[PDB]
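What follows is a set of notes on a single structure, which appears directly below.
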Amino acid sequence: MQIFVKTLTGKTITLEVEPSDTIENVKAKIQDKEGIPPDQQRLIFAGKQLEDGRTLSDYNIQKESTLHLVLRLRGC
Amino acid sequence: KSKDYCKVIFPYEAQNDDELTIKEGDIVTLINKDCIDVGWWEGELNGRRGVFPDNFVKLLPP
């Protein structure tokens, strides 16, 4: 399934992933595409801050789901 | 009305001390608008003042 990440202005990012992919891995894919270091990125979905030891299914994320992200002008 | 009320669909969590902590299901009164970059703002919640990304929120049409 494809997921979307929005930046400061709400930019749209399409990624190819597998349900078995880890969140750290997803961050790595974002780094490759946008140059944002993984330590400066916080992932949030379904109102709860996504944890690195949990899976997408645990957060009931379905196909074409979109997450929300911040840039980093002050404190992300 | 004069000010705009916005409901936040994507709640965050206490990121910093200078940042305002907002949870889903709360209304924050917009104190003052941000510069050019659309994605930042400031509001008061729980007796605090801090900035937060407005992307995580949508505008209610009425």
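We number each residue from 1, going along the chain as drawn.
Using N, Cα and C of the backbone, Cβ positions are placed for all residues, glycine too.
Under the heading ubiquitin cross-link, Swiss-Prot lists A:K6, A:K11, A:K27, A:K29, A:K33, A:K48, A:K63. Look at Swiss-Prot and you will find A:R54, A:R72 tagged as site 'Interacts with activating enzyme'. Per Swiss-Prot, phosphoserine is recorded for A:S65, and the stated evidence type is experimental evidence. The (Microbial infection) ADP-ribosylthreonine annotation in Swiss-Prot covers A:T66, and the record cites experimental evidence as its basis. Residues or ranges marked as site 'Essential for function' by Swiss-Prot: A:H68.
Features per Swiss-Prot, on structure.
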residue : record                                     : contacts (Cβ under 8 Å, 6+ apart)
A:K11   : ubiquitin cross-link                       : A:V5
A:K27   : ubiquitin cross-link                       : A:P38, A:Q41, A:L43
A:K29   : ubiquitin cross-link                       : A:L15, A:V17
A:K33   : ubiquitin cross-link                       : A:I13, A:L15
A:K48   : ubiquitin cross-link                       : A:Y59
A:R54   : site 'Interacts with activating enzyme'    : A:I23
A:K63   : ubiquitin cross-link                       : A:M1, A:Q2
A:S65   : phosphoserine                              : A:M1, A:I3, A:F4, A:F45
A:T66   : (Microbial infection) ADP-ribosylthreonine : A:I3, A:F4, A:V5, A:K6
A:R72   : site 'Interacts with activating enzyme'    : A:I36, A:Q40
Which state, by DSSP, holds A:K33 (ubiquitin cross-link): helix, strand or coil? helix
Taking CB atoms only, which of the recorded positions A:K6, A:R54, A:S65, A:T66, A:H68, A:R72 fall under 8 A from chain B? A:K6, A:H68
Using a Cβ-Cβ cut-off under 8 angstroms and a sequence gap of six or more, which residues of the chain neighbour A:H68 (site 'Essential for function')? A:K6, A:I44, A:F45
